[PDB]
Amino acid sequence: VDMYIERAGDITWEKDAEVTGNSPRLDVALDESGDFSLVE
Amino acid sequence: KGXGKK
Amino acid sequence: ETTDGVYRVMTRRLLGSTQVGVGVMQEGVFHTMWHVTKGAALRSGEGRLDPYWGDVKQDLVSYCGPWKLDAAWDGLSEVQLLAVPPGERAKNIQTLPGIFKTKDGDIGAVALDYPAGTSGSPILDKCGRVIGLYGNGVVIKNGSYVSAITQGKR
């Protein structure tokens with residue numbers, strides 16, 4: 001009832017895409033609730 | 001992440 | 001409508017029309033993250049999509065059929081987040097994933113920050129394949145956001 005979906009695009013790789021973000025390597029734990037946390 | 005992780 | 005592609009997940013219960021997340025339609029199945037829908041049925045026009053599979057710990061859910069997305073990051077190449085932010089056109093962002101190292105193995109992660117309602121946006125490889133969904137992550141000593149590349153099992 002409550003939620004509905006609306007199409008927003010094709011799923012395609014874009015040649016000229018903006019490139020950004022870094023590439024951190026992180027020790028994490030995943031708990032039973034599906035939450036990631038940073039490990040000491 | 002808006003505050004959060006989600 | 002059931003055409004393959006990326007979709008906004010909207011609700012009219014709160015103020016106005018609000019985007020709570022995003023998902024992928026492929027092979028007749030709709031894929032999003034669990035925390036977007038909490039497993040609720042979804043409307044697609046005058047049709048209905050009922051949940052078929054989900055798992056809170058993976059933070060994933062599929063509608064109308066089993067999870068269909070099985071591509072995986074190759075561990076080496078740049079990827080593209082097809083971000084669909086609330087109220088904004090879909091935009092491709094290319095990035096080199098980092099890595100979440102866990103007790104049960106390593107998963108790709110993308111260090112890109114978007115509004116919460118962007119949850120479920122697909123992450124793609126250079127072949128256009130969905131290698132996972134954006135929006136289950138952590139916040140680092142910086143205060144910045146890093147999302148796992150969350151992929152299911154087919």
# chains A, B, ... in the order shown; residues from 1 in each chain; ligands from 1
call {"tool": "residues_around", "arguments": {"residues": "residue 40 of chain A", "least_positions_apart": "5", "cutoff": "10 Å", "atoms": "only C-alpha atoms", "output": "PyMOL selection string"}}
result
chain A and resi 27-29
call {"tool": "interface_residues", "arguments": {"of": "chain B", "to": "chain A", "cutoff": "12 Å", "atoms": "only C-alpha atoms", "output": "MDAnalysis selection string"}}
result
chainID B and resid 4:6
call {"tool": "closest_atom_pairs", "arguments": {"of": "chain A", "to": "chain C", "cutoff": "6 Å", "atoms": "only C-alpha atoms", "output": "tab-separated table"}}
result
residue	atom	partner	partner_atom	distance
A:2	CA	C:11	CA	5.9
A:3	CA	C:11	CA	4.5
A:4	CA	C:43	CA	4.3
A:5	CA	C:9	CA	4.7
A:6	CA	C:8	CA	5.2
A:7	CA	C:7	CA	4.2
A:8	CA	C:7	CA	5.0
A:9	CA	C:6	CA	5.4
A:10	CA	C:5	CA	4.7
A:11	CA	C:5	CA	5.4
A:12	CA	C:128	CA	5.0
A:13	CA	C:128	CA	5.2
A:17	CA	C:92	CA	5.9
A:18	CA	C:93	CA	5.4
A:19	CA	C:94	CA	4.5
A:20	CA	C:95	CA	5.4
A:21	CA	C:111	CA	5.4
A:23	CA	C:98	CA	3.7
A:24	CA	C:98	CA	4.6
A:25	CA	C:99	CA	4.8
A:26	CA	C:100	CA	5.1
A:27	CA	C:101	CA	4.7
A:28	CA	C:102	CA	5.4
A:29	CA	C:102	CA	5.8
A:32	CA	C:57	CA	5.5
A:33	CA	C:57	CA	5.5
A:34	CA	C:57	CA	3.8
A:36	CA	C:137	CA	5.9
call {"tool": "atom_distance", "arguments": {"atom1": "atom CA of residue 50 of chain C", "atom2": "atom CA of residue 72 of chain C"}}
result
26.3 Å
call {"tool": "closest_residue", "arguments": {"among": "C:143, C:134, C:27, C:115", "to": "residue 1 of chain B", "atoms": "only C-alpha atoms"}}
result
C:115
call {"tool": "atom_distance", "arguments": {"atom1": "atom CA of residue 51 of chain C", "atom2": "atom CA of residue 1 of chain A"}}
result
12.8 Å
call {"tool": "residues_around", "arguments": {"residues": "residue 133 of chain C", "least_positions_apart": "5", "cutoff": "7 Å", "atoms": "only C-alpha atoms", "output": "ChimeraX atom specification"}}
result
/C:120-123,149-151
call {"tool": "select_by_dssp", "arguments": {"residues": "chain C", "states": "helix (DSSP H, G or I)", "output": "PyMOL selection string"}}
result
chain C and resi 34-37+116-118
call {"tool": "closest_residue", "arguments": {"among": "C:33, C:76, C:14, C:64", "to": "chain B", "atoms": "only C-alpha atoms"}}
result
C:33
call {"tool": "select_by_dssp", "arguments": {"residues": "chain C", "states": "strand (DSSP E)", "output": "CSV table (one decimal) with N, CA and C atoms, in the first residue's frame"}}
result
chain,number,residue,atom,x,y,z
C,5,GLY,N,15.9,-1.7,-14.8
C,5,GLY,CA,16.4,-0.4,-14.5
C,5,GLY,C,16.4,-0.1,-13.0
C,6,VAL,N,16.8,1.2,-12.8
C,6,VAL,CA,16.9,1.7,-11.4
C,6,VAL,C,15.6,2.5,-11.1
C,7,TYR,N,15.1,2.3,-9.9
C,7,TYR,CA,13.9,2.9,-9.4
C,7,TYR,C,14.0,3.6,-8.1
C,8,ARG,N,13.3,4.7,-7.9
C,8,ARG,CA,13.1,5.3,-6.6
C,8,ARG,C,12.1,4.5,-5.8
C,9,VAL,N,12.3,4.4,-4.5
C,9,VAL,CA,11.4,3.9,-3.6
C,9,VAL,C,10.8,5.1,-2.8
C,10,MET,N,9.5,5.3,-2.9
C,10,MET,CA,8.8,6.5,-2.4
C,10,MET,C,7.8,6.1,-1.4
C,11,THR,N,7.4,7.0,-0.6
C,11,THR,CA,6.3,6.9,0.3
C,11,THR,C,5.5,8.2,0.5
C,18,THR,N,8.1,11.4,-0.4
C,18,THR,CA,9.4,11.3,0.2
C,18,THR,C,10.1,10.0,-0.4
C,19,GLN,N,11.4,10.2,-0.8
C,19,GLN,CA,12.2,9.1,-1.3
C,19,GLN,C,12.9,8.4,-0.1
C,20,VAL,N,12.5,7.2,0.2
C,20,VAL,CA,13.2,6.4,1.2
C,20,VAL,C,14.3,5.6,0.7
C,21,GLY,N,14.4,5.3,-0.6
C,21,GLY,CA,15.6,4.6,-1.1
C,21,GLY,C,15.4,4.4,-2.6
C,22,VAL,N,16.1,3.3,-3.0
C,22,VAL,CA,16.4,3.1,-4.4
C,22,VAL,C,16.5,1.6,-4.6
C,23,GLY,N,16.2,1.1,-5.8
C,23,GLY,CA,16.4,-0.3,-6.1
C,23,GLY,C,16.5,-0.6,-7.6
C,24,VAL,N,16.8,-1.9,-7.8
C,24,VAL,CA,17.1,-2.4,-9.2
C,24,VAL,C,16.1,-3.5,-9.6
C,25,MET,N,15.5,-3.3,-10.8
C,25,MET,CA,14.6,-4.2,-11.4
C,25,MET,C,15.5,-5.0,-12.4
C,26,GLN,N,15.5,-6.3,-12.3
C,26,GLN,CA,16.2,-7.1,-13.2
C,26,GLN,C,15.6,-8.5,-13.3
C,29,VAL,N,12.5,-9.1,-11.1
C,29,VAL,CA,12.7,-9.1,-9.6
C,29,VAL,C,13.2,-7.7,-9.2
C,30,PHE,N,12.6,-7.2,-8.1
C,30,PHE,CA,13.1,-5.9,-7.6
C,30,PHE,C,13.9,-6.1,-6.4
C,31,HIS,N,15.1,-5.5,-6.4
C,31,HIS,CA,16.2,-5.7,-5.4
C,31,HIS,C,16.4,-4.3,-4.7
C,32,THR,N,16.3,-4.3,-3.4
C,32,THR,CA,16.7,-3.1,-2.6
C,32,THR,C,17.3,-3.6,-1.3
C,42,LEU,N,5.2,-3.4,-1.9
C,42,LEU,CA,5.4,-2.2,-2.7
C,42,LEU,C,4.4,-2.1,-3.8
C,43,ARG,N,4.0,-0.9,-4.1
C,43,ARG,CA,3.2,-0.6,-5.3
C,43,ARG,C,4.0,-0.2,-6.5
C,44,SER,N,3.6,-0.7,-7.6
C,44,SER,CA,4.3,-0.3,-8.9
C,44,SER,C,3.1,0.1,-9.9
C,47,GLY,N,-0.2,-2.1,-9.9
C,47,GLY,CA,0.2,-3.4,-9.5
C,47,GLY,C,0.9,-3.4,-8.1
C,48,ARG,N,1.1,-4.6,-7.6
C,48,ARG,CA,1.7,-4.8,-6.3
C,48,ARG,C,2.9,-5.8,-6.4
C,49,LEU,N,3.9,-5.5,-5.6
C,49,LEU,CA,5.1,-6.3,-5.6
C,49,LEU,C,5.2,-6.9,-4.2
C,51,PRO,N,7.2,-9.1,-1.2
C,51,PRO,CA,8.5,-9.6,-0.9
C,51,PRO,C,8.6,-11.1,-1.1
C,52,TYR,N,9.7,-11.5,-1.5
C,52,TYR,CA,10.0,-12.9,-1.8
C,52,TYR,C,11.1,-13.5,-0.9
C,53,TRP,N,12.2,-12.7,-0.7
C,53,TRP,CA,13.3,-13.1,0.1
C,53,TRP,C,13.9,-11.9,0.8
C,54,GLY,N,14.4,-12.1,2.0
C,54,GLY,CA,15.2,-11.0,2.6
C,54,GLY,C,15.9,-11.5,3.8
C,55,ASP,N,16.9,-10.7,4.2
C,55,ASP,CA,17.7,-11.0,5.4
C,55,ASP,C,18.3,-9.7,6.0
C,60,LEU,N,19.3,-6.8,2.8
C,60,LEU,CA,18.8,-7.0,1.4
C,60,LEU,C,17.5,-7.6,1.4
C,61,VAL,N,16.7,-7.3,0.3
C,61,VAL,CA,15.4,-7.9,0.1
C,61,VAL,C,15.1,-7.9,-1.4
C,62,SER,N,14.4,-8.9,-1.8
C,62,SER,CA,13.9,-9.0,-3.2
C,62,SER,C,12.4,-9.2,-3.3
C,63,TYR,N,11.8,-8.8,-4.3
C,63,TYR,CA,10.4,-8.8,-4.6
C,63,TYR,C,10.1,-9.5,-5.9
C,79,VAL,N,34.8,1.3,-10.3
C,79,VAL,CA,33.4,1.0,-10.5
C,79,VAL,C,32.6,2.3,-10.6
C,80,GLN,N,31.3,2.2,-10.8
C,80,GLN,CA,30.4,3.3,-10.8
C,80,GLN,C,29.2,3.1,-9.9
C,81,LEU,N,29.1,4.1,-9.0
C,81,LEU,CA,27.8,4.2,-8.3
C,81,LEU,C,26.8,5.0,-9.1
C,82,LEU,N,25.7,4.4,-9.4
C,82,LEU,CA,24.6,5.0,-10.1
C,82,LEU,C,23.7,5.6,-9.0
C,83,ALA,N,24.1,6.7,-8.5
C,83,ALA,CA,23.5,7.4,-7.4
C,83,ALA,C,22.1,8.0,-7.9
C,91,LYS,N,22.9,10.0,-11.4
C,91,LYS,CA,24.2,10.4,-11.8
C,91,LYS,C,25.2,9.3,-11.6
C,92,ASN,N,26.1,9.0,-12.5
C,92,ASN,CA,27.1,8.0,-12.4
C,92,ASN,C,28.4,8.6,-11.7
C,93,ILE,N,28.9,8.0,-10.7
C,93,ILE,CA,30.1,8.4,-10.0
C,93,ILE,C,31.1,7.3,-10.1
C,94,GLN,N,32.2,7.5,-10.7
C,94,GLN,CA,33.2,6.5,-10.8
C,94,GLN,C,34.2,6.6,-9.7
C,95,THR,N,34.7,5.4,-9.2
C,95,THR,CA,35.5,5.4,-8.0
C,95,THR,C,36.3,4.1,-7.9
C,98,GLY,N,37.5,1.0,-1.9
C,98,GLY,CA,38.3,0.4,-0.8
C,98,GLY,C,37.8,-1.0,-0.4
C,99,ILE,N,38.1,-1.4,0.8
C,99,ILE,CA,37.8,-2.7,1.2
C,99,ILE,C,37.4,-2.7,2.7
C,100,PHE,N,36.2,-3.3,3.0
C,100,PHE,CA,35.9,-3.7,4.4
C,100,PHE,C,36.5,-5.1,4.7
C,101,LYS,N,37.4,-5.1,5.6
C,101,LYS,CA,38.0,-6.4,6.1
C,101,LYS,C,37.2,-6.9,7.3
C,102,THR,N,36.6,-8.1,7.1
C,102,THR,CA,35.9,-8.7,8.3
C,102,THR,C,36.5,-10.0,8.6
C,105,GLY,N,35.9,-12.5,5.7
C,105,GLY,CA,36.4,-12.2,4.4
C,105,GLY,C,36.3,-10.7,4.2
C,106,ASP,N,36.7,-10.3,3.0
C,106,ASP,CA,36.8,-8.9,2.5
C,106,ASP,C,35.6,-8.6,1.6
C,107,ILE,N,35.0,-7.4,1.7
C,107,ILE,CA,34.0,-6.9,0.8
C,107,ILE,C,34.5,-5.5,0.3
C,108,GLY,N,34.1,-5.2,-1.0
C,108,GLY,CA,34.4,-3.9,-1.5
C,108,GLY,C,33.6,-2.8,-0.8
C,109,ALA,N,34.1,-1.6,-0.8
C,109,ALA,CA,33.4,-0.5,-0.2
C,109,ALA,C,33.6,0.8,-1.0
C,110,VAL,N,32.7,1.7,-1.0
C,110,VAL,CA,32.8,2.9,-1.8
C,110,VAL,C,32.7,4.1,-0.8
C,122,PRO,N,22.4,1.3,-7.2
C,122,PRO,CA,23.3,0.2,-7.6
C,122,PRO,C,24.7,0.7,-7.9
C,123,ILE,N,25.7,-0.2,-7.7
C,123,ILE,CA,27.1,-0.1,-8.0
C,123,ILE,C,27.4,-1.0,-9.1
C,124,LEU,N,28.1,-0.5,-10.1
C,124,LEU,CA,28.2,-1.2,-11.4
C,124,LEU,C,29.7,-1.4,-11.8
C,130,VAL,N,25.4,-5.1,-12.2
C,130,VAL,CA,25.2,-4.6,-10.8
C,130,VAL,C,26.0,-5.6,-9.9
C,131,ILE,N,27.0,-5.0,-9.2
C,131,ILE,CA,27.9,-5.8,-8.3
C,131,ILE,C,27.5,-5.6,-6.9
C,132,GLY,N,26.5,-4.8,-6.6
C,132,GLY,CA,26.0,-4.6,-5.3
C,132,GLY,C,25.2,-3.3,-5.1
C,133,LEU,N,24.7,-3.1,-3.9
C,133,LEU,CA,23.9,-1.9,-3.6
C,133,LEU,C,24.5,-1.1,-2.6
C,137,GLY,N,26.7,1.0,5.7
C,137,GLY,CA,28.1,1.4,5.9
C,137,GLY,C,28.5,1.8,7.3
C,138,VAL,N,29.6,2.6,7.3
C,138,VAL,CA,30.2,3.0,8.6
C,138,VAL,C,30.6,4.5,8.4
C,139,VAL,N,30.9,5.1,9.5
C,139,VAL,CA,31.5,6.5,9.5
C,139,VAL,C,32.8,6.4,10.2
C,145,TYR,N,31.5,9.0,5.3
C,145,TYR,CA,30.8,7.8,5.1
C,145,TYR,C,31.5,6.9,4.1
C,146,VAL,N,31.5,5.6,4.4
C,146,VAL,CA,31.9,4.5,3.5
C,146,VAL,C,30.9,3.4,3.6
C,147,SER,N,30.4,3.1,2.4
C,147,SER,CA,29.3,2.1,2.2
C,147,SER,C,30.0,0.8,1.7
C,148,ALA,N,29.6,-0.3,2.3
C,148,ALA,CA,29.9,-1.6,1.7
C,148,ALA,C,29.3,-1.6,0.3
call {"tool": "atom_distance", "arguments": {"atom1": "atom CA of residue 144 of chain C", "atom2": "atom CA of residue 86 of chain C"}}
result
19.6 Å
